[PDB]
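The next block holds one structure in the form of structure tokens; read it before the comments.
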Amino acid sequence: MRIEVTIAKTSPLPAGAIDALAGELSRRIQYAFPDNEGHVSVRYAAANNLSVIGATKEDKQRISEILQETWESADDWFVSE
């Protein structure tokens, strides 16, 4: 399964957050999907978009939920220099 996340450039994150986000998301994906290789990429695009290839609708809802939860727990897993 391949997971791609795009963030609108109109919303800049500190010079370290994107890499941190991609790392946190990947760990979450691996825990949720032990039997399937998950690859997560994060890049700036004209618009915010989430694309999932090689997954089922239920997997995709769970992933959206995971993204929601990780995103909501940002103060705990995100560290800034």
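Here, A, B, ... name the chains of the structure tokens in the order displayed, residue numbers run from 1 inside each chain, and ligands are numbered from 1 in the same displayed order.
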Could you name the residues that touch residue 32 of chain A at 12 Å or less, counting only C-alpha atoms, but leaving out those on the same chain fewer than 2 positions away, as a ChimeraX atom specification?
/A:25-30,34-38,59-60,62-63,65-67
Could you give me, as a ChimeraX atom specification, the residues within 9 Å of residue 42 of chain A, counting only C-alpha atoms and dropping anything in the same chain fewer than 5 positions from it?
/A:4-7,18-19,21-22
Mind writing the picked residues with N, CA, C and O atoms as a PDB file, in the first residue's frame?
```
ATOM      1  N   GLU A   4       0.040   8.869   0.235  1.00  0.00           N
ATOM      2  CA  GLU A   4       0.609  10.183  -0.094  1.00  0.00           C
ATOM      3  C   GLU A   4      -0.214  11.322   0.503  1.00  0.00           C
ATOM      4  O   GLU A   4      -1.436  11.372   0.357  1.00  0.00           O
ATOM      5  N   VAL A   5       0.481  12.224   1.197  1.00  0.00           N
ATOM      6  CA  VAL A   5      -0.167  13.367   1.852  1.00  0.00           C
ATOM      7  C   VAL A   5       0.370  14.690   1.310  1.00  0.00           C
ATOM      8  O   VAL A   5       1.578  14.892   1.214  1.00  0.00           O
ATOM      9  N   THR A   6      -0.548  15.594   0.961  1.00  0.00           N
ATOM     10  CA  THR A   6      -0.184  16.913   0.431  1.00  0.00           C
ATOM     11  C   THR A   6      -0.735  17.992   1.337  1.00  0.00           C
ATOM     12  O   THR A   6      -1.894  17.953   1.749  1.00  0.00           O
ATOM     13  N   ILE A   7       0.114  18.960   1.636  1.00  0.00           N
ATOM     14  CA  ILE A   7      -0.243  20.080   2.491  1.00  0.00           C
ATOM     15  C   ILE A   7      -0.153  21.385   1.700  1.00  0.00           C
ATOM     16  O   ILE A   7       0.829  21.628   1.001  1.00  0.00           O
ATOM     17  N   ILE A  18       7.504  18.938   8.869  1.00  0.00           N
ATOM     18  CA  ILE A  18       7.094  18.026   7.807  1.00  0.00           C
ATOM     19  C   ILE A  18       7.780  16.678   7.997  1.00  0.00           C
ATOM     20  O   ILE A  18       7.133  15.631   7.988  1.00  0.00           O
ATOM     21  N   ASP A  19       9.093  16.717   8.189  1.00  0.00           N
ATOM     22  CA  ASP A  19       9.844  15.490   8.406  1.00  0.00           C
ATOM     23  C   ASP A  19       9.325  14.794   9.655  1.00  0.00           C
ATOM     24  O   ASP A  19       9.225  13.567   9.688  1.00  0.00           O
ATOM     25  N   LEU A  21       6.283  14.965  10.905  1.00  0.00           N
ATOM     26  CA  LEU A  21       4.956  14.465  10.586  1.00  0.00           C
ATOM     27  C   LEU A  21       5.033  13.143   9.827  1.00  0.00           C
ATOM     28  O   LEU A  21       4.359  12.173  10.173  1.00  0.00           O
ATOM     29  N   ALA A  22       5.869  13.117   8.793  1.00  0.00           N
ATOM     30  CA  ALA A  22       6.044  11.916   7.985  1.00  0.00           C
ATOM     31  C   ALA A  22       6.550  10.761   8.852  1.00  0.00           C
ATOM     32  O   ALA A  22       6.096   9.627   8.693  1.00  0.00           O
TER      33      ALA A  22
END
```
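Summary of the local environment: counting only C-alpha atoms, residues at most 12 Å from segment 13-17 of chain A, other than itself and those fewer than 5 positions away along its chain, are residues 7, 8, 22, 23, 24, 25, 42, 43, 44, 71, 74, 77, 78, 79, 80 and 81 of chain A.
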Write the residues you've just listed into a file as a PDB file, in the first residue's frame, and include N, CA, C and O atoms for each of them.
```pdb
ATOM      1  N   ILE A   7       0.114  18.960   1.636  1.00  0.00           N
ATOM      2  CA  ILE A   7      -0.243  20.080   2.491  1.00  0.00           C
ATOM      3  C   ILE A   7      -0.153  21.385   1.700  1.00  0.00           C
ATOM      4  O   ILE A   7       0.829  21.628   1.001  1.00  0.00           O
ATOM      5  N   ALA A   8      -1.179  22.221   1.809  1.00  0.00           N
ATOM      6  CA  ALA A   8      -1.185  23.488   1.091  1.00  0.00           C
ATOM      7  C   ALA A   8      -0.079  24.394   1.603  1.00  0.00           C
ATOM      8  O   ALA A   8       0.107  24.588   2.804  1.00  0.00           O
ATOM      9  N   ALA A  22       5.869  13.117   8.793  1.00  0.00           N
ATOM     10  CA  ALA A  22       6.044  11.916   7.985  1.00  0.00           C
ATOM     11  C   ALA A  22       6.550  10.761   8.852  1.00  0.00           C
ATOM     12  O   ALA A  22       6.096   9.627   8.693  1.00  0.00           O
ATOM     13  N   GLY A  23       7.457  11.034   9.771  1.00  0.00           N
ATOM     14  CA  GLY A  23       7.974   9.992  10.658  1.00  0.00           C
ATOM     15  C   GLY A  23       6.898   9.483  11.606  1.00  0.00           C
ATOM     16  O   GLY A  23       6.780   8.275  11.808  1.00  0.00           O
ATOM     17  N   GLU A  24       6.114  10.380  12.194  1.00  0.00           N
ATOM     18  CA  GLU A  24       5.075   9.932  13.113  1.00  0.00           C
ATOM     19  C   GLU A  24       4.002   9.135  12.373  1.00  0.00           C
ATOM     20  O   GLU A  24       3.528   8.115  12.871  1.00  0.00           O
ATOM     21  N   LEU A  25       3.621   9.597  11.188  1.00  0.00           N
ATOM     22  CA  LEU A  25       2.600   8.893  10.421  1.00  0.00           C
ATOM     23  C   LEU A  25       3.049   7.492  10.033  1.00  0.00           C
ATOM     24  O   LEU A  25       2.276   6.543  10.120  1.00  0.00           O
ATOM     25  N   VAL A  42       5.234  13.204   2.332  1.00  0.00           N
ATOM     26  CA  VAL A  42       4.603  14.495   2.620  1.00  0.00           C
ATOM     27  C   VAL A  42       5.298  15.583   1.818  1.00  0.00           C
ATOM     28  O   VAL A  42       6.524  15.701   1.843  1.00  0.00           O
ATOM     29  N   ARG A  43       4.505  16.371   1.092  1.00  0.00           N
ATOM     30  CA  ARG A  43       5.062  17.442   0.267  1.00  0.00           C
ATOM     31  C   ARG A  43       4.089  18.607   0.150  1.00  0.00           C
ATOM     32  O   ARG A  43       2.886  18.446   0.352  1.00  0.00           O
ATOM     33  N   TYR A  44       4.613  19.776  -0.200  1.00  0.00           N
ATOM     34  CA  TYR A  44       3.771  20.953  -0.365  1.00  0.00           C
ATOM     35  C   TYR A  44       3.152  20.935  -1.759  1.00  0.00           C
ATOM     36  O   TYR A  44       3.823  20.635  -2.747  1.00  0.00           O
ATOM     37  N   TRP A  71      -2.797  13.870  14.614  1.00  0.00           N
ATOM     38  CA  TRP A  71      -2.888  15.303  14.461  1.00  0.00           C
ATOM     39  C   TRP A  71      -3.406  15.934  15.748  1.00  0.00           C
ATOM     40  O   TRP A  71      -2.926  16.991  16.152  1.00  0.00           O
ATOM     41  N   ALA A  74      -0.674  16.124  18.724  1.00  0.00           N
ATOM     42  CA  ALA A  74       0.568  16.769  18.311  1.00  0.00           C
ATOM     43  C   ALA A  74       1.462  17.297  19.440  1.00  0.00           C
ATOM     44  O   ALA A  74       2.678  17.263  19.328  1.00  0.00           O
ATOM     45  N   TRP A  77       3.663  13.969  20.808  1.00  0.00           N
ATOM     46  CA  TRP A  77       4.679  13.312  19.970  1.00  0.00           C
ATOM     47  C   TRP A  77       5.568  14.284  19.191  1.00  0.00           C
ATOM     48  O   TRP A  77       6.670  13.911  18.789  1.00  0.00           O
ATOM     49  N   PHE A  78       5.133  15.525  18.996  1.00  0.00           N
ATOM     50  CA  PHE A  78       5.969  16.486  18.262  1.00  0.00           C
ATOM     51  C   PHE A  78       6.923  17.207  19.197  1.00  0.00           C
ATOM     52  O   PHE A  78       6.525  17.740  20.234  1.00  0.00           O
ATOM     53  N   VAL A  79       8.196  17.217  18.807  1.00  0.00           N
ATOM     54  CA  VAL A  79       9.256  17.865  19.572  1.00  0.00           C
ATOM     55  C   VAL A  79       9.908  18.932  18.689  1.00  0.00           C
ATOM     56  O   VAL A  79      10.126  18.689  17.502  1.00  0.00           O
ATOM     57  N   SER A  80      10.226  20.106  19.241  1.00  0.00           N
ATOM     58  CA  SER A  80      10.858  21.173  18.453  1.00  0.00           C
ATOM     59  C   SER A  80      12.199  21.559  19.070  1.00  0.00           C
ATOM     60  O   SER A  80      12.338  21.626  20.291  1.00  0.00           O
ATOM     61  N   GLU A  81      13.182  21.803  18.211  1.00  0.00           N
ATOM     62  CA  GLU A  81      14.515  22.177  18.670  1.00  0.00           C
ATOM     63  C   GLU A  81      14.485  23.544  19.348  1.00  0.00           C
ATOM     64  O   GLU A  81      13.938  24.463  18.760  1.00  0.00           O
TER      65      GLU A  81
END
```
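Relative to atom CA of residue 2 of chain A, atom CA of residue 61 of chain A is found at 14.8 Å.
What separates atom CA of residue 9 of chain A from atom CA of residue 46 of chain A is a distance of 6.3 Å.
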Please, which residues of segment 5-81 of chain A, numbered as in this document, come out strand (DSSP E) from DSSP, as a count of residues only?
16
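You will find atom CA of residue 53 of chain A at 10.5 Å from atom CA of residue 39 of chain A.
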